[PDB]
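Only one chain is included here, represented as C-alpha cells and corresponding to the form deposited in one PDB entry.
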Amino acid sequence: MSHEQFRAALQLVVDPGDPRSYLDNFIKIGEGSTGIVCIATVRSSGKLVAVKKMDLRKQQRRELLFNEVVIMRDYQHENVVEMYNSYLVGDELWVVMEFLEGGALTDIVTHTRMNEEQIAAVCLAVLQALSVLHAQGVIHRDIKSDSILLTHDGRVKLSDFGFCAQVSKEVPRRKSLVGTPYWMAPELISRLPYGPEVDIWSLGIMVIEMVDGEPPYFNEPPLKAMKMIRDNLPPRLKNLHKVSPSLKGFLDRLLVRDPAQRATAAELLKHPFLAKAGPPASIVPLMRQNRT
C-alpha cells in the first residue's frame, strides 16, 4: 500500500471536513509512538476533548492505522476509550477522543505501590473490555500500563488500539510481530500463528508492573528481552512475597507459555482475585494530582 493509497484509503474512512471548524484552543499535552496529543475545545458546547495528531510519514505499518480507525471508530464500551471523530489533515491523521483526567497507569506503577483492591479493579476493568473484544474477534495486541487510562473518578479504560487486529472463523490467527517488546507473548515473538490469548499474557506482564513497578527484563535491551521471553521459563515477580496467594494464583493463569493452556478473559472474570476489586473511588488516590 503506497503513501497515496494510504492517504486515500484513510480519506475514505475518516470524517469529511476540517476539525478546525468546531475545535478551538489546541494545546499540546504530550506525544506518542508516532505523533502528538493535544487538548482542544468544542466550540458549540465548550466541551474539552483530546486530539491525537499522527504523522502519516512516520507510520511503520500504515495498514494498522487504518485498522484502528475502521474497527474502533464506533466502538462503545464502558472500559474502552471512546473515539469521537477522525480527520485527514494534510499528512496527518487527527483523531478526536475523550479526555481522561486520571492519566495513564504507567505514571502510577512507577511512582507508587498499589494495594490488591486497586490491582483487582484494574484487572477487572481490562478483562471486561477484552472479553467483549475477544468475543468479536478483536485483539488489542499492545496491552501494558501505558495503554490504560483513568477518568477523574477512577474508572478504567483501555486505549491505544494502534496495533489491533481482527480474527474470524476464516482467519482465526495472526502472525505479525507487533506490540511492545517487554509485553509480547512468547508465541508471538516466535512468529507462530496466535490469537486473542496474547492479550492475556501481556495483561500478566502489566500485573507484574503493578506489583514490581516494571516488567521483567526491563533492565535488558528490547530485542534481548524478547529473546529471553521467547526462550526462558515464564517471568517471576521481584516482590513475590508481598502479594497474596489469590493474586499469585491469578497471575499463574496469565503467564502460561503454552497459549492453549493459558486462561481466557472470560475464565479470568470468575477468578476469586477479582472479587477483591475496590470501587472507582479507590483508584483516585493513585493519580499524580492526588498522590502524597
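Rigid core here is just the name for the largest C-alpha set that superposes within 1.5 Å across the two forms. Throughout, we count residues from 1 along the sequence that is shown.
Comparing 217-225 with 112-120, the higher mean C-alpha B-factor in the PDB entry belongs to 217-225. Judged by mean Cα B factor in the deposited record, 169-177 ranks above the other of 169-177 and 198-206. Reading the B-factor column for the CA atoms of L251, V243, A266, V49 in the entry, the top value corresponds to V243. Ranked by Cα temperature factor within the chain, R73 sits in the highest third according to the deposited record. For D91, the recorded CA B-factor ranks within the highest third of the chain. Only modelled residues enter the ranking.
Ranked by C-alpha B-factor against the other modelled residues of its chain, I283 falls in the lowest third. Per the PDB record, residue ranking by Cα B-factor puts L274 in the lowest third of the chain.
Heads up, the form deposited with a partner chain bound isn't pictured, but that's what we're talking about next.
Listed residues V37, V49, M226, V243 were compared with the partner chain in the entry with it bound; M226 is the one with a heavy atom within 4.5 Å. Between the partner chain and the residues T106, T112, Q136, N115, the one pair within 4.5 Å by heavy atoms in the entry with it bound involves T106. Looking at 195-203, 148-156, 176-184, 77-85, the stretch with residues near the partner chain in the entry with it bound, meaning non-hydrogen atoms within 4.5 angstroms, turns out to be 176-184. The closest non-hydrogen atom of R257 lies beyond 4.5 Å of the partner chain in the entry with it bound. Using a 4.5 angstroms threshold between heavy atoms, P222 counts as touching the partner chain in the entry with it bound. Heavy atoms of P234 never reach within 4.5 Å of the partner chain in the entry with it bound, leaving it off the interface. Not displayed here, the partner chain is approached by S33 to within 4.5 Å at the level of heavy atoms in the entry with it bound. Annotated contacts: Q11, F66 and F99 are all free of the partner chain in the entry with it bound [non-hydrogen atom within 4.5 angstroms]. In a core superposition between the shown form and the other one, the Cα of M72 is the only one among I189, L88, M72, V81 shifting by 2 Å or more. With the core superposed, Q60 shows a C-alpha displacement below 2 Å between the shown form and the other one.
In the core-superposed comparison between the shown form and the other one, the C-alpha atom of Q261 has shifted by less than 2 angstroms.
Put the two forms on the same core and the Cα of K248 is off by less than 2 Å between the shown form and the other one.
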